[PDB]
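Chains as they are written, first to last, in the entry's author numbering: chain A, 118 to 464, 482 to 756; chain B, 358 to 464, 482 to 597; chain C, 678 to 756.
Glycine included, C-beta positions come from ideal geometry on N, C-alpha and C.
Worksheet: the structure to be examined is printed underneath.
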Amino acid sequence: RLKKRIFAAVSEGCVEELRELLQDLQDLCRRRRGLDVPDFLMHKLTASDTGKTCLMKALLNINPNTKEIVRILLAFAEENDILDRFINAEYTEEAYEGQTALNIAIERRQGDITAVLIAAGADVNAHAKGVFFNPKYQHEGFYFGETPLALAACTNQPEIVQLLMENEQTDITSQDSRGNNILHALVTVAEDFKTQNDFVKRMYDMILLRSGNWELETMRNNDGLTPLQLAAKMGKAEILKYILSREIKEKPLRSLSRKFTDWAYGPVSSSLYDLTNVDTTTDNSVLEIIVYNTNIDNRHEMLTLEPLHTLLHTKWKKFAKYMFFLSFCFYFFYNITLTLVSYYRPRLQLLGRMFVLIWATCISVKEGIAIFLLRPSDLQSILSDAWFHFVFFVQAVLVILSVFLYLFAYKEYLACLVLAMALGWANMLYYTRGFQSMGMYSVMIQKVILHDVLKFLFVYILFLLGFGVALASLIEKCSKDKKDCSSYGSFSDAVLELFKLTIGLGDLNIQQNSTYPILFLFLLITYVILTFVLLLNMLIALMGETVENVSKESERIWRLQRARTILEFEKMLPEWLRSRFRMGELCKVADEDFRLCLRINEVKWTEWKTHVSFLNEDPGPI
Amino acid sequence: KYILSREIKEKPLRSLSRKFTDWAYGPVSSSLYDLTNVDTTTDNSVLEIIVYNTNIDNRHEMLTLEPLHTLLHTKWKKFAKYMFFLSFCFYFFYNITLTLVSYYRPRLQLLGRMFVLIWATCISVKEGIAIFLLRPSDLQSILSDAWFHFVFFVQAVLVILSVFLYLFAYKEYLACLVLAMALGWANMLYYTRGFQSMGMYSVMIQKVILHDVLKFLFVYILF
Amino acid sequence: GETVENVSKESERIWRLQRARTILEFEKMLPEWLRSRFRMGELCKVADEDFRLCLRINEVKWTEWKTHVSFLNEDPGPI
Ligand SMILES: CCCCCCCC/C=C/CCCCCCCC(=O)O[C@@H](COC(=O)CCCCCCCCCCCCCCC)COP(=O)([O-])OCC[N+](C)(C)C
Ligand SMILES: CCCCCCCCCCCC(=O)OC[C@H](COP(=O)(O)OCC[N+](C)(C)C)OC(=O)CCCCCCCCCCC
């Protein structure tokens, strides 16, 4: 019953009252035998229900006289000899299991009381496991990293980070319950420049350089993700751009950079980019992760970074350009051979029928595998990346069951064959990816069909069928001979007549066997006003707005899907021919370091600095 | 905007604020907004006043303030989404039943005729009340907020007097029935409000018809 | 085309306004027992003696970085 008065007094901030209550409590220690005076006292200062001690309650409430309160409480704990048992207490409920007083001092931005808590012997490995510090959804939880160094780095306070770093007791590479060390946590909380500043990038290089090794940046997450592949798997374009081209111009720490300058005579400079884990030589590279990431929208703005851009171009210069053209020739000849053995039906050099069957089996099997790997169960993905997978599969299986209907059951085998023919030529539209002009034209067809043509077809079909049934139900009996001026006779006949007025074909004839010629003209002219005037011209206007919006960012979407075909061609040719085409070369980067880097030359006429850190004193290619 | 989210961070005057912060650990923070007189629990709340204010043009820029935005979304998550879809199904089936007992005229399971009559009476009465409360005497208001009230009323009363002409006087009862059929399908265009894409497409049809198609029809009819 | 370009900046707001009109018209149509079933907020101890029945909105701000006083609950999280 005394502890409640202690907690109140320490929350309000009354210094003298605290002194008197602690004195009364020490007298309670005297005037009693008990079992263990420091233990019983620790039980008095602790709120057993939550584990919250008097010190943590002193720090949750900022109480402008709170520094004295911490000093008095630490002095009392020193009198009764329980300083470690006191200052290293945690919570004990599922919500905040692990939070210690150092954690509360670091996130309250108390740069003073935290030094007093460290010097008094805190635990710089807190590991606030909890379920609020490790949540399920985004809100109602933080996930700073489960460590006082991770919290001090994720709340943007470098002074406390420096205080934690230059300590012999801190464990800089302690992975938490997710597998994340400090650097996975920093690339987890990172956002863009407009939401937060660039403080996470600055704290990233601060922690990296101040430790100094590759050990911290090759640790494996619990998902097998280096802190680089994590930045690529969740689409942190800013901290990823920083990592991929990171140069340290200091002699002792030159080794842990990813971009070295070779010669740089005047303005001209040839800088080579480390390519170790950003090329598809191993499992889960950064190209494969960025290209095959059907879970983010930051892709086409992450393929423009320096190593990945020159990497994908070198691939569409060595082998991918020719495998693409070769695939186009094979599909073109398969389509022609399909449309000549189907248009020249009856009523040597006719092996084309079994050729079509062979390549239909090939395409069907291959595309079925691709669909099983793409996993299109997630919504919108089928229209997102695997539309042409699905379409190539449909057309190939259509040719299949048109052969397993022609001979096996002898039925109507023309519906499948003719559908397969028309679908084949639409797939040639797929093969426009190879050209920039003709290939980012085919990426506004997709945006325009989705946004504008679908909404127009919905409203137009409503009017077509509404006025079709109204006009049709206005016409009396067929005729005196069952067939005369019955253009708008039945439903489907009136719907066809209205469709032909929209296309502009035929001849408008209003002299119908109608009971009301005026009402007929009113409904028919209203239909003309609603579609020929409003809906079709409004389609052109909205389609102009869509083209204007998606013309700023259509080259990037095109380059992204061209990159998907490049990557799919790469993992298709054998390892001897694969080894024939490699991107970079082994270069002596440090005392003993071979990195197999790319090489990119550039010209800069603005900085004009004296050149040190060159990798080669004599310039030029030799 | 200032009043609805007004926080006083001082201990003696903390009481007269309308937005309190609960926990706010690091960056994350859970602030709760006082909702006393901005929710439609009483008479003349702030939602009812802002939404039913056919006298100002600042409305759609006042519904984006913090309590009112999350308030209207919570309503179109608990009950309004399903009452809307349910109303759309009832009107769709009333239209089909109207267009099958009118296209399959002569020369069990035909209670559809009295169903149409019943729901025509319902819609006519209800929409007539809504028009008397909307008070469309002020200019441009009928095109502003009660266009679909007027159109639903016209179509329902058309079906009415096409029944009170078919049997009571035995006259030309097809002009009313057929006009009512075509008007019914235009009212389905009303029911596009439920979706963002398809529903703010139907709000450029309104702006385009008013500004561009009317002026064009005037000059074109002259020529 | 000129009209579409002008009213495309402010068409989501007009739409949300008329969707709000149907929401409000559906509200004042269902009975008070079913109405009481759906309430937006909850009674929360705001002051010494003040129940306000407030909403609740979470947010994330990475710029201000101030020491936190005036919190309504010292221990964080939903509990
Ligand atoms: C600006 C405009 C834009 C276009 C707007 C188009 C709007 C649509 C316009 C359509 C109107 C066209 C005329 C329809 C009626 C014709 C008569 C007829 O055949 O009736 C038959 C049905 O016929 C059909 O069902 C038609 C064919 C299928 C529907 C049309 C394609 C669907 C859209 C595809 C979209 C694919 C998209 C791409 C997908 C990858 C029934 O006849 P019956 O009663 O059995 O006859 C009995 C007596 N007899 C047997 C002696 C005969
Ligand atoms: C999504 C698809 C878009 C494309 C259009 C497809 C359909 C085209 C027409 C096919 C007609 C057909 O074939 O049958 C239509 C059938 C029977 O027709 P029938 O009266 O016997 O006339 C046959 C005449 N012959 C023999 C000369 C061919 O129903 C009807 O008459 C019922 C009409 C009223 C109900 C439908 C109203 C719809 C309103 C709008 C809802 C959104």
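If you reduce the DSSP assignment to three classes, tell me which class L172 (chain A) lands in. Here residue 172 (chain A) refers to the residue found at position 55 when the first sequence is read from its first residue. Helix, per DSSP.
Host alpha helix (DSSP H) of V528 (chain B) (start-end): For the purposes of this step, residue 528 (chain B) is identified with residue 154 of the second sequence, where counting begins at 1. Per DSSP, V528 (chain B) belongs to the alpha helix (DSSP H) from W521 to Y540.
Is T454 (chain B) a contact residue of ligand 1, with contact defined as CB to any heavy atom under 7 angstroms? Stepping through the second sequence from its first residue, residue 454 (chain B) is reached at position 97. No, ligand 1 has no heavy atom inside 7 angstroms of this Cβ.
Is it buried or exposed, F666 (chain A), if we count other Cβ atoms within 10 angstroms and call 16 or more buried? As a position in the first sequence, residue 666 (chain A) is number 532, starting the count at 1. Classification of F666 (chain A): exposed, given that the 10 Å Cβ count is below 16.
Give, in chain order, every unbroken run of the alpha helix (DSSP H) that is at least 4 residues long and sits entirely within the segment 166-214 of chain A. If we require 4 residues or more, the alpha helix (DSSP H) runs fully inside the segment 166-214 of chain A come out as 171-177, 183-196 and 201-204.
For ligand 2, is there a heavy atom less than 7 angstroms away from the beta-carbon of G600 (chain A)? Walking along the first sequence from the start, residue 600 (chain A) turns up at place 466. For ligand 2, at least one heavy atom lies less than 7 angstroms from the Cβ of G600 (chain A).
Anyone know if the C-beta pair for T217 (chain A) and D201 (chain A) falls short of 8 angstroms? Here residue 217 (chain A) refers to the residue found at position 100 when the first sequence is read from its first residue. Here residue 201 (chain A) refers to the residue found at position 84 when the first sequence is read from its first residue. No.
Going along the chain, which residues of the segment 382-409 of chain B sit with their C-beta nearer than 7 angstroms to a C-beta in chain C? So the list reads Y382, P384, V385, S386, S387, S388, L389, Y390, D391, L392, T393, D396, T397, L404, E405 and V408, given in the order they occur along the chain.
Other residues of its chain near residue 480 (chain A): CB distance less than 7 angstroms, five sequence neighbours each side excluded: Within chain A, the sequence of modelled residues goes 464 then 482, so residue 480 (chain A) has no position in this structure.
Take every Cβ of the segment 257-277 of chain A, pair it with every Cβ of the segment 391-403 of chain B, and state whether three or more of those distances are shorter than 8 angstroms. Touching, no, given that fewer than three Cβ pairs across the two stretches are closer than 8 angstroms.
For a cutoff of 8 angstroms on Cβ pairs, would you count residue 469 (chain A) as touching chain B? Between 464 and 482, chain A has no modelled residues, and residue 469 (chain A) is one of the positions in that gap.
Quick one: does the C-beta of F666 (chain A) sit closer than 7 angstroms to a heavy atom of ligand 1? Indexing the first sequence from 1 puts residue 666 (chain A) at position 532. Taking 7 angstroms as the cut-off, the C-beta of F666 (chain A) does not count as close to any heavy atom of ligand 1.
Hey, is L630 (chain A) close to ligand 1, as in C-beta under 7 angstroms from one of its heavy atoms? Here residue 630 (chain A) refers to the residue found at position 496 when the first sequence is read from its first residue. Under cutoff, so the answer is yes.
Using a 10 Å radius around the Cβ and a threshold of 16 neighbouring Cβ atoms, would you call residue 757 (chain C) buried or exposed? Nothing can be reported for residue 757 (chain C): it is not among the residues displayed for chain C, which extend from 678 to 756.
Quick check on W739 (chain C) - is its C-beta less than 8 angstroms from some C-beta in chain A? Taking the first residue of the third sequence as position 1, residue 739 (chain C) is located at position 62. By this cut-off, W739 (chain C) is an interface position.
Name the chain D residues whose beta carbon is nearer than 9 angstroms to that of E224 (chain A)? Structure shown: chain D not included; protein chains present are A, B and C.
Below 8 angstroms on the Cβ atoms is my contact criterion, and I expect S498 (chain B) with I534 (chain B) to pass it. Report the Cβ-Cβ distance as a whole number of Å. Residue 498 (chain B) sits at position 124 when you count from the first residue of the second sequence. Residue 534 (chain B) sits at position 160 when you count from the first residue of the second sequence. Indeed, because the Cβ distance is near 6 angstroms, the residues count as touching under 8 angstroms.
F715 (chain C) to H430 (chain B) span [Cα, whole Å]: Along the third sequence, read from residue 1 onward, the residue named residue 715 (chain C) stands at position 38. Along the second sequence, read from residue 1 onward, the residue named residue 430 (chain B) stands at position 73. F715 (chain C) and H430 (chain B): Cα-Cα distance of roughly 13 angstroms.
Mapping DSSP to helix, strand and coil, what is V737 (chain C)? Counting from one through the third sequence, the residue named residue 737 (chain C) turns up at place 60. It is a strand residue.
Compute every distance between the C-beta of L563 (chain B) and the non-hydrogen atoms of ligand 2, then say whether any falls below 7 angstroms. The count along the second sequence starts at 1 and reaches residue 563 (chain B) at position 189. The answer is no for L563 (chain B).
Check each residue of the segment 531-555 of chain B: if its Cβ is closer than 9 angstroms to any Cβ of chain A, include it; give the result in chain order. Those would be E546, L548, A549, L551, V552, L553 and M555, in chain order.
Give a yes or no on contact between the segment 621-634 of chain A and the segment 485-498 of chain B, applying the rule of three or more CB pairs nearer than 8 angstroms. Using a Cβ-Cβ distance cut-off of 8 angstroms, the segment 621-634 of chain A and the segment 485-498 of chain B are not in contact, since fewer than three pairs of beta carbons, one from each stretch, lie closer than that value.
Quick one: grab the DSSP three-state call for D315 (chain A). Within the first sequence, numbered from 1, the residue matching residue 315 (chain A) stands at position 198. If DSSP states are grouped into helix, strand and coil, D315 (chain A) belongs with coil.
By the DSSP assignment, the alpha helix (DSSP H) with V662 (chain A) in it spans what residues? Here the question's residue 662 (chain A) lines up with position 528 in the first sequence. Per DSSP, the continuous alpha helix (DSSP H) segment holding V662 (chain A) begins and ends at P651 to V662.
Tell me the DSSP secondary structure of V395 (chain B) in three-state form. Residue mapping note: residue 395 (chain B) aligns to position 38 of the second sequence, counting from 1. In the structure shown, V395 (chain B) sits in coil (DSSP, three-state: anything other than H, G, I, E or B).
Kindly indicate which residue of B:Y409, B:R462, B:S388 and B:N452 has the alpha-carbon position closest to the one of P753 (chain C). Against the third sequence, residue 753 (chain C) aligns to sequence position 76. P753 (chain C) has its Cα closest to that of B:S388, out of B:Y409, B:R462, B:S388 and B:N452.
Close Cβ partners of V127 (chain A) (< 7 angstroms) along its chain, the five nearest in sequence each way excluded: The count along the first sequence starts at 1 and reaches residue 127 (chain A) at position 10. Contacts found: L135, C171, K174, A175 and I186.
Got a sec, what are the start and stop residues for the alpha helix (DSSP H) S571 (chain A) sits in? Taking the first sequence and counting its residues from 1, the one referred to as residue 571 (chain A) is at position 437. Segment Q570 to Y575, the alpha helix (DSSP H) holding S571 (chain A).
Residues, ordered as in the chain, of the segment 687-699 of chain C that lie near chain B by beta-carbon distance below 8 angstroms: For the segment 687-699 of chain C, which is checked against every Cβ of chain B, the residues closer than 8 angstroms are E687, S688, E689, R690, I691, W692, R693, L694, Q695, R696, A697, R698 and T699.
Please indicate yes or no: does the CB of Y594 (chain A) lie closer than 7 angstroms to some heavy atom of ligand 1? Locating residue 594 (chain A) in the first sequence gives position 460, counting from the first residue. Yes, the beta carbon of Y594 (chain A) sits closer than 7 angstroms to at least one heavy atom of ligand 1.
Taking the beta strand (DSSP E) that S388 (chain B) belongs to, which residues open and close that run? Position 31 of the second sequence holds residue 388 (chain B). Run containing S388 (chain B): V385 to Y390, per the beta strand (DSSP E) assignment.
Ligand 1 and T290 (chain A): does the residue's C-beta get closer than 7 angstroms to at least one heavy atom of that ligand? Position 173 of the first sequence, counting from 1, holds the residue named residue 290 (chain A). Checking the 7 angstroms criterion, the Cβ of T290 (chain A) is out of range of every heavy atom belonging to ligand 1.
Beta-carbon proximity of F601 (chain A) to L657 (chain A), cut-off 8 angstroms: Taking the first sequence and counting its residues from 1, one reaches residue 601 (chain A) at position 467. Taking the first sequence and counting its residues from 1, one reaches residue 657 (chain A) at position 523. Closer than 8 angstroms, so yes.
Would a check of beta-carbon distances place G258 (chain A) closer than 8 angstroms to chain C? Taking the first sequence and counting its residues from 1, one reaches residue 258 (chain A) at position 141. Chain C contact via Cβ: present.
Can you tell me which residues form a DSSP beta bridge with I609 (chain A)? As a first step, residue 609 (chain A) must be located in the first sequence, where it is residue number 475. In the DSSP assignment, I609 (chain A) forms a beta bridge with A:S648.
What number of angstroms, rounded off, separates the C-alpha of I637 (chain A) from the C-alpha of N671 (chain A)? Against the first sequence, residue 637 (chain A) aligns to sequence position 503. Against the first sequence, residue 671 (chain A) aligns to sequence position 537. When rounded, the distance between both Cα atoms is 14 angstroms.
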